[PDB]
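S.K.: Handing over run-v3.txt, compact mmCIF, C-alpha atoms.
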```txt
# COMPACT_ATOMS: atom_id res chain seq x y z
CA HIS A 1 -71.87 -72.36 -0.33
CA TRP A 2 -69.50 -71.55 2.48
CA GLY A 3 -65.84 -72.51 2.48
CA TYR A 4 -62.39 -71.03 2.93
CA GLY A 5 -61.84 -69.24 -0.42
CA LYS A 6 -61.77 -65.53 -1.30
CA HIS A 7 -65.39 -65.56 -2.28
CA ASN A 8 -66.92 -67.88 0.29
CA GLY A 9 -64.51 -67.66 3.26
CA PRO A 10 -64.89 -66.61 6.92
CA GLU A 11 -65.53 -62.93 6.09
CA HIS A 12 -68.63 -63.97 4.09
CA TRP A 13 -70.17 -66.43 6.52
CA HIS A 14 -72.24 -63.82 8.38
CA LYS A 15 -74.53 -63.34 5.35
CA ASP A 16 -75.93 -66.87 5.73
CA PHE A 17 -75.10 -67.32 9.42
CA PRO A 18 -75.62 -64.00 11.20
CA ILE A 19 -74.49 -65.57 14.52
CA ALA A 20 -71.02 -65.26 12.99
CA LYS A 21 -71.07 -61.78 14.62
CA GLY A 22 -72.45 -63.10 17.89
CA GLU A 23 -71.42 -62.71 21.50
CA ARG A 24 -69.58 -66.01 22.02
CA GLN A 25 -67.85 -66.87 18.73
CA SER A 26 -64.81 -69.12 18.31
CA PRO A 27 -61.92 -69.34 17.88
CA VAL A 28 -60.27 -66.62 19.95
CA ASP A 29 -56.79 -65.47 20.77
CA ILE A 30 -55.70 -66.75 24.17
CA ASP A 31 -53.85 -63.94 25.86
CA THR A 32 -51.84 -65.95 28.39
CA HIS A 33 -51.15 -63.01 30.67
CA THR A 34 -54.83 -62.06 31.02
CA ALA A 35 -56.28 -65.58 31.38
CA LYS A 36 -57.04 -66.19 35.03
CA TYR A 37 -56.12 -69.20 37.04
CA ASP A 38 -59.30 -70.69 38.46
CA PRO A 39 -58.27 -72.90 41.44
CA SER A 40 -61.69 -74.44 41.65
CA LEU A 41 -61.47 -75.91 38.07
CA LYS A 42 -61.14 -79.70 38.27
CA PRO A 43 -58.60 -81.86 36.40
CA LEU A 44 -59.97 -83.07 33.15
CA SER A 45 -61.11 -86.67 32.99
CA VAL A 46 -60.46 -88.09 29.53
CA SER A 47 -61.77 -91.70 29.39
CA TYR A 48 -61.00 -93.05 25.94
CA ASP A 49 -60.04 -96.68 26.78
CA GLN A 50 -63.30 -98.09 25.31
CA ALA A 51 -63.42 -95.78 22.24
CA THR A 52 -64.90 -97.30 19.10
CA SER A 53 -63.84 -95.49 15.97
CA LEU A 54 -65.90 -96.29 12.88
CA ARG A 55 -65.00 -94.36 9.76
CA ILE A 56 -63.02 -91.49 8.32
CA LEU A 57 -64.77 -89.01 6.00
CA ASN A 58 -63.60 -86.17 3.76
CA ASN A 59 -66.58 -83.81 4.08
CA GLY A 60 -65.17 -81.11 1.79
CA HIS A 61 -64.02 -78.90 4.70
CA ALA A 62 -61.83 -81.26 6.74
CA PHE A 63 -61.63 -84.96 7.44
CA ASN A 64 -63.59 -86.40 10.37
CA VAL A 65 -62.78 -89.56 12.30
CA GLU A 66 -66.17 -90.72 13.60
CA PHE A 67 -66.94 -92.72 16.72
CA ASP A 68 -69.78 -94.82 18.08
CA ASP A 69 -71.53 -92.40 20.42
CA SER A 70 -74.59 -94.59 21.19
CA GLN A 71 -73.07 -95.58 24.56
CA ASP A 72 -70.63 -94.04 27.04
CA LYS A 73 -67.47 -95.46 25.42
CA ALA A 74 -65.18 -92.45 25.05
CA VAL A 75 -66.13 -89.62 27.35
CA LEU A 76 -64.91 -86.32 28.67
CA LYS A 77 -65.82 -85.18 32.19
CA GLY A 78 -64.55 -82.85 34.86
CA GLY A 79 -62.66 -79.64 34.27
CA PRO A 80 -65.27 -76.91 33.74
CA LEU A 81 -67.91 -79.50 32.76
CA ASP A 82 -70.98 -80.71 34.59
CA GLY A 83 -72.04 -84.15 33.41
CA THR A 84 -70.79 -86.56 30.76
CA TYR A 85 -69.79 -85.63 27.24
CA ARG A 86 -69.43 -88.35 24.57
CA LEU A 87 -66.86 -88.28 21.81
CA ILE A 88 -68.54 -88.13 18.39
CA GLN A 89 -65.70 -87.19 16.07
CA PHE A 90 -62.32 -85.56 15.77
CA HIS A 91 -60.92 -83.49 12.96
CA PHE A 92 -58.16 -81.02 12.20
CA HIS A 93 -57.65 -77.57 10.82
CA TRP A 94 -54.32 -76.87 9.14
CA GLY A 95 -52.38 -74.44 6.99
CA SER A 96 -50.58 -74.27 3.67
CA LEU A 97 -47.41 -73.26 5.60
CA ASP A 98 -46.05 -74.38 8.97
CA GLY A 99 -46.62 -70.88 10.45
CA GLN A 100 -50.39 -70.96 10.13
CA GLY A 101 -53.24 -73.43 10.45
CA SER A 102 -54.57 -73.27 13.96
CA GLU A 103 -57.87 -71.61 14.81
CA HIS A 104 -57.07 -70.61 18.36
CA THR A 105 -53.89 -68.60 18.83
CA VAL A 106 -51.77 -68.13 21.92
CA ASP A 107 -50.46 -64.59 22.40
CA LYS A 108 -51.20 -64.20 18.68
CA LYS A 109 -49.02 -67.19 17.80
CA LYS A 110 -50.47 -69.53 15.17
CA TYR A 111 -49.67 -73.22 15.21
CA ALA A 112 -49.35 -75.45 12.11
CA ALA A 113 -52.63 -77.18 12.86
CA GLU A 114 -55.26 -77.78 15.53
CA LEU A 115 -57.05 -81.00 16.52
CA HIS A 116 -60.66 -80.80 17.73
CA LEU A 117 -62.06 -83.73 19.71
CA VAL A 118 -65.80 -83.03 19.68
CA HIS A 119 -68.04 -84.27 22.48
CA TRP A 120 -71.75 -83.76 23.28
CA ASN A 121 -73.58 -83.63 26.57
CA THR A 122 -75.49 -86.90 27.09
CA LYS A 123 -78.33 -85.10 28.95
CA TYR A 124 -79.52 -83.89 25.52
CA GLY A 125 -79.81 -87.37 24.03
CA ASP A 126 -78.28 -86.77 20.60
CA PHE A 127 -75.79 -84.47 18.95
CA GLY A 128 -78.42 -82.56 16.98
CA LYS A 129 -80.21 -81.63 20.19
CA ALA A 130 -76.96 -80.80 21.94
CA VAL A 131 -75.87 -78.17 19.41
CA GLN A 132 -79.04 -76.20 20.27
CA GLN A 133 -77.95 -75.83 23.93
CA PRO A 134 -75.47 -73.37 25.47
CA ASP A 135 -73.73 -76.29 27.26
CA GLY A 136 -74.31 -78.87 24.55
CA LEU A 137 -70.77 -79.52 23.37
CA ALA A 138 -67.29 -79.76 24.84
CA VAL A 139 -64.45 -79.53 22.38
CA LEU A 140 -60.94 -80.48 23.41
CA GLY A 141 -58.54 -78.46 21.23
CA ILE A 142 -54.93 -79.53 20.82
CA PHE A 143 -52.27 -77.54 18.94
CA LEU A 144 -49.92 -79.21 16.47
CA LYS A 145 -46.37 -77.97 15.84
CA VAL A 146 -44.00 -79.39 13.27
CA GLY A 147 -41.05 -81.30 14.75
CA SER A 148 -40.81 -84.99 15.52
CA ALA A 149 -43.46 -87.38 14.17
CA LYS A 150 -46.49 -88.26 16.29
CA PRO A 151 -46.66 -92.07 16.10
CA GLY A 152 -50.31 -92.10 17.15
CA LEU A 153 -51.22 -89.94 14.15
CA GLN A 154 -49.64 -92.16 11.54
CA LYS A 155 -52.64 -94.51 11.02
CA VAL A 156 -54.72 -91.40 10.17
CA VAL A 157 -52.05 -90.14 7.74
CA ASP A 158 -51.85 -93.65 6.18
CA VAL A 159 -55.56 -93.66 5.17
CA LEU A 160 -55.79 -90.16 3.68
CA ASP A 161 -55.03 -91.35 0.13
CA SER A 162 -58.28 -93.33 0.31
CA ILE A 163 -60.34 -90.20 1.08
CA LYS A 164 -58.67 -87.64 -1.16
CA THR A 165 -61.81 -85.93 -2.35
CA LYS A 166 -65.05 -84.60 -0.93
CA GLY A 167 -67.60 -87.29 -0.06
CA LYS A 168 -65.17 -90.16 0.16
CA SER A 169 -65.14 -92.28 3.33
CA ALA A 170 -63.25 -95.33 4.52
CA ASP A 171 -63.59 -97.84 7.30
CA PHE A 172 -61.50 -96.67 10.27
CA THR A 173 -62.00 -99.06 13.14
CA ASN A 174 -59.84 -99.70 16.20
CA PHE A 175 -58.17 -96.28 16.23
CA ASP A 176 -57.07 -95.18 19.69
CA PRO A 177 -57.40 -91.38 20.14
CA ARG A 178 -55.27 -91.51 23.30
CA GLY A 179 -52.32 -91.54 20.93
CA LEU A 180 -53.11 -87.92 19.93
CA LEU A 181 -52.89 -86.42 23.44
CA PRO A 182 -49.92 -84.54 24.88
CA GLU A 183 -48.44 -85.46 28.27
CA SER A 184 -50.09 -82.65 30.23
CA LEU A 185 -53.81 -81.95 30.42
CA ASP A 186 -53.31 -78.36 31.64
CA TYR A 187 -55.86 -76.23 29.78
CA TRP A 188 -57.59 -72.94 29.11
CA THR A 189 -61.37 -72.82 28.97
CA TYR A 190 -64.00 -70.39 27.75
CA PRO A 191 -67.55 -70.45 26.34
CA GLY A 192 -67.71 -70.31 22.55
CA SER A 193 -69.05 -71.74 19.34
CA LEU A 194 -68.59 -74.11 16.47
CA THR A 195 -65.84 -72.72 14.26
CA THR A 196 -67.65 -73.71 11.05
CA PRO A 197 -71.19 -72.93 9.94
CA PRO A 198 -73.71 -73.09 11.55
CA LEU A 199 -71.42 -71.40 14.14
CA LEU A 200 -73.79 -72.31 16.96
CA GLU A 201 -72.91 -70.99 20.41
CA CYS A 202 -73.03 -74.35 22.12
CA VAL A 203 -69.40 -75.15 22.97
CA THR A 204 -67.42 -75.24 26.16
CA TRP A 205 -63.90 -74.95 24.76
CA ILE A 206 -61.06 -76.75 26.54
CA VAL A 207 -57.77 -75.86 24.83
CA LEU A 208 -54.68 -77.73 26.01
CA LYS A 209 -51.57 -75.72 26.81
CA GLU A 210 -49.12 -78.34 25.55
CA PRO A 211 -48.97 -78.85 21.77
CA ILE A 212 -48.26 -82.17 20.14
CA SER A 213 -45.45 -82.46 17.59
CA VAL A 214 -46.03 -83.97 14.15
CA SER A 215 -43.50 -84.37 11.35
CA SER A 216 -43.17 -82.37 8.17
CA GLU A 217 -44.16 -85.48 6.28
CA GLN A 218 -47.33 -85.95 8.34
CA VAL A 219 -48.57 -82.37 7.79
CA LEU A 220 -47.59 -82.51 4.10
CA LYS A 221 -50.00 -85.44 3.74
CA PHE A 222 -52.85 -83.38 5.20
CA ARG A 223 -52.09 -80.79 2.49
CA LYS A 224 -52.57 -83.34 -0.33
CA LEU A 225 -56.24 -83.68 0.46
CA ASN A 226 -58.77 -81.98 -1.80
CA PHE A 227 -61.70 -79.68 -1.04
CA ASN A 228 -63.27 -80.75 -4.36
CA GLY A 229 -65.10 -83.91 -5.30
CA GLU A 230 -63.63 -86.51 -7.69
CA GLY A 231 -63.81 -85.27 -11.28
CA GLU A 232 -64.00 -81.62 -10.23
CA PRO A 233 -61.08 -79.19 -10.58
CA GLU A 234 -58.37 -79.92 -7.92
CA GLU A 235 -58.21 -77.48 -5.04
CA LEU A 236 -55.90 -78.50 -2.22
CA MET A 237 -57.47 -78.73 1.22
CA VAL A 238 -55.30 -76.21 3.04
CA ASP A 239 -55.99 -73.18 5.22
CA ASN A 240 -59.27 -74.58 6.48
CA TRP A 241 -59.15 -72.41 9.61
CA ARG A 242 -61.32 -69.56 10.85
CA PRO A 243 -59.31 -66.64 12.29
CA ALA A 244 -59.62 -65.41 15.88
CA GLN A 245 -62.89 -63.65 16.72
CA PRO A 246 -63.55 -60.88 19.28
CA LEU A 247 -63.54 -62.06 22.87
CA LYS A 248 -66.32 -59.62 23.82
CA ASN A 249 -67.74 -60.27 27.32
CA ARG A 250 -65.76 -63.41 28.12
CA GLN A 251 -62.93 -64.33 30.43
CA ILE A 252 -60.60 -67.19 29.57
CA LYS A 253 -59.82 -69.33 32.62
CA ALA A 254 -56.67 -71.42 33.16
CA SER A 255 -56.44 -74.71 35.03
CA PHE A 256 -52.81 -73.99 35.86
CA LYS A 257 -50.69 -71.22 37.36
```
Could I get this structure in the form of structure tokens?
M.R.:
Amino acid sequence: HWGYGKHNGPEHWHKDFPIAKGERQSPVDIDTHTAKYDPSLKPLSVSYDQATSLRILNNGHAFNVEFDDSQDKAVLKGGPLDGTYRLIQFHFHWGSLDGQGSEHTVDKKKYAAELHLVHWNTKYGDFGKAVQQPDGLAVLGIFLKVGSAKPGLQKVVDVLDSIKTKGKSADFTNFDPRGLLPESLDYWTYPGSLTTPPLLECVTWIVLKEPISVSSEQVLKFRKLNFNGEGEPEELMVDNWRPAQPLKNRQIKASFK
């Protein structure tokens, strides 16, 4: 099955998921000089005060922090979006080295990691329905650089030893995702896709301009995770990122001049 190795990595995915070569694939390089300021784009509204985190899961590709999405508790609105998008999970993509790991790039620059806060459009009723719609998902992408520690990330880092291998989960209640946001909500936006199979073209991407900083120790703990299940040969969970895909007939818009 698909993964990030030589024999099952991003260059192979098209054989099972032909949309991999589609018209609105993600991630992309964000060419900052060619993105256009769109003065009509609204400020984002990130309403996470009532968020209810539930669990953290190593799914063999990344780790997901899952939320209760059966009510409007943590929602994203505004910006390029029409309607209300509920937070379902967040996860990260990261590298084996500090100079790679992000999925999106900025003027070809790779960050050490990238956080995806995944939300679905409540007009479609459930996540599984939403991924079948061109405006089904809104993903807030946040770059990570290595520097000072991010205090709001530490509770996530703390629990990773409990979910080392594929299929392990742990209770993860009362986590506040507001602690993962940068100061500014300035963003780029474009229509794209899931960055993992099934690669469905259902995402409005909202990529924040300002990265967060995390420490060397925090990222090193991400890199101790395993792609494998317990009792299988150890393969470190690193370099779980898809490279930039062709922009094709898309324009990236900026919320800021």
S.K.: Which residue gives the smallest distance to residue 33 of chain A among A:244, A:226, A:193, A:107, with all atoms listed in the file counted?
M.R.: A:107
S.K.: Do you have, as a Markdown table, the list of residues of segment 173-200 of chain A lying at most 12 Å from segment 65-84 of chain A, each with its nearest atom pair and that distance in Å to one decimal, counting only C-alpha atoms and ordered by chain then number?
M.R.:
```
| residue | atom | partner | partner_atom | distance |
| --- | --- | --- | --- | --- |
| A:173 | CA | A:67 | CA | 8.8 |
| A:174 | CA | A:67 | CA | 10.0 |
| A:175 | CA | A:65 | CA | 9.0 |
| A:176 | CA | A:74 | CA | 10.1 |
| A:177 | CA | A:74 | CA | 9.3 |
| A:178 | CA | A:74 | CA | 10.1 |
| A:185 | CA | A:79 | CA | 9.9 |
| A:186 | CA | A:79 | CA | 9.8 |
| A:187 | CA | A:79 | CA | 8.8 |
| A:188 | CA | A:80 | CA | 9.8 |
| A:189 | CA | A:80 | CA | 7.4 |
| A:190 | CA | A:80 | CA | 8.9 |
| A:191 | CA | A:80 | CA | 10.1 |
```
S.K.: Those same residues - C-alpha atoms - I'd like them written as a tab-separated table (two decimals), keeping the file's coordinate frame.
M.R.:
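Done, and the output landed in selection_7.tsv:
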```
chain	number	residue	atom	x	y	z
A	173	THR	CA	-62.00	-99.06	13.14
A	174	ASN	CA	-59.84	-99.70	16.20
A	175	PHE	CA	-58.17	-96.28	16.23
A	176	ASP	CA	-57.07	-95.18	19.69
A	177	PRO	CA	-57.40	-91.38	20.14
A	178	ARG	CA	-55.27	-91.51	23.30
A	185	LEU	CA	-53.81	-81.95	30.42
A	186	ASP	CA	-53.31	-78.36	31.64
A	187	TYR	CA	-55.86	-76.23	29.78
A	188	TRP	CA	-57.59	-72.94	29.11
A	189	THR	CA	-61.37	-72.82	28.97
A	190	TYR	CA	-64.00	-70.39	27.75
A	191	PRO	CA	-67.55	-70.45	26.34
```
S.K.: Within 12 Å of segment 121-129 of chain A, which residues of segment 189-257 of chain A show up? Give each one with its shortest atom-to-atom distance in Å (one decimal) and the two atoms involved, counting all atoms listed in the file, rows by chain then rising residue number, as JSON lines.
M.R.:
```
{"residue": "A:198", "atom": "CA", "partner": "A:128", "partner_atom": "CA", "distance": 11.9}
{"residue": "A:200", "atom": "CA", "partner": "A:128", "partner_atom": "CA", "distance": 11.2}
{"residue": "A:202", "atom": "CA", "partner": "A:121", "partner_atom": "CA", "distance": 10.3}
{"residue": "A:203", "atom": "CA", "partner": "A:121", "partner_atom": "CA", "distance": 10.1}
{"residue": "A:204", "atom": "CA", "partner": "A:121", "partner_atom": "CA", "distance": 10.4}
```
S.K.: In terms of the shortest atom-to-atom distance over all atoms listed in the file, which of A:10, A:180, A:162, A:197 is closest to residue 92 of chain A?
M.R.: A:180
S.K.: In Å, rounded to a single decimal, give me how far atom CA of residue 134 of chain A is from atom CA of residue 55 of chain A.
M.R.: 28.2 Å
S.K.: So which one's closest to residue 94 of chain A, A:40, A:146, A:194, A:137? Using all atoms listed in the file, please.
M.R.: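 For residue 94 of chain A, the nearest of the given residues is A:146.
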S.K.: If we count all atoms listed in the file, what is near residue 2 of chain A at a cut-off of 12 Å, once residues fewer than 6 positions away on the same chain are taken out, given as a list in words?
M.R.: residues 8, 9, 10, 11, 12, 13, 14, 15, 16, 17, 60, 61, 196, 197, 198, 199, 227, 240 and 242 of chain A
S.K.: Which of these residues is nearest to residue 43 of chain A, using all atoms listed in the file: A:211, A:184, A:95, A:155?
M.R.: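 Counting all atoms listed in the file, the residue closest to residue 43 of chain A is A:184.
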S.K.: Against segment 44-53 of chain A, which residues of segment 125-169 of chain A fall within 12 Å? For each one I want the closest pair of atoms and the distance in Å (one decimal), counting all atoms listed in the file, rows by chain and increasing residue number, as CSV.
M.R.:
```
residue,atom,partner,partner_atom,distance
A:138,CA,A:44,CA,11.6
A:139,CA,A:46,CA,11.8
A:140,CA,A:46,CA,9.8
A:156,CA,A:53,CA,11.6
```
S.K.: What does the distance from atom CA of residue 251 of chain A to atom CA of residue 133 of chain A come to in Å, to one decimal?
M.R.: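 Computing it gives 20.0 Å between the two atoms.
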S.K.: How far is it from atom CA of residue 90 of chain A to atom CA of residue 238 of chain A, in Å with one decimal?
M.R.: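 Separation between atom CA of residue 90 of chain A and atom CA of residue 238 of chain A: 17.3 Å.
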S.K.: At most 9 Å from (-57.0, -69.5, 21.0), file frame, only C-alpha atoms: which residues, as a count of residues only?
M.R.: 18
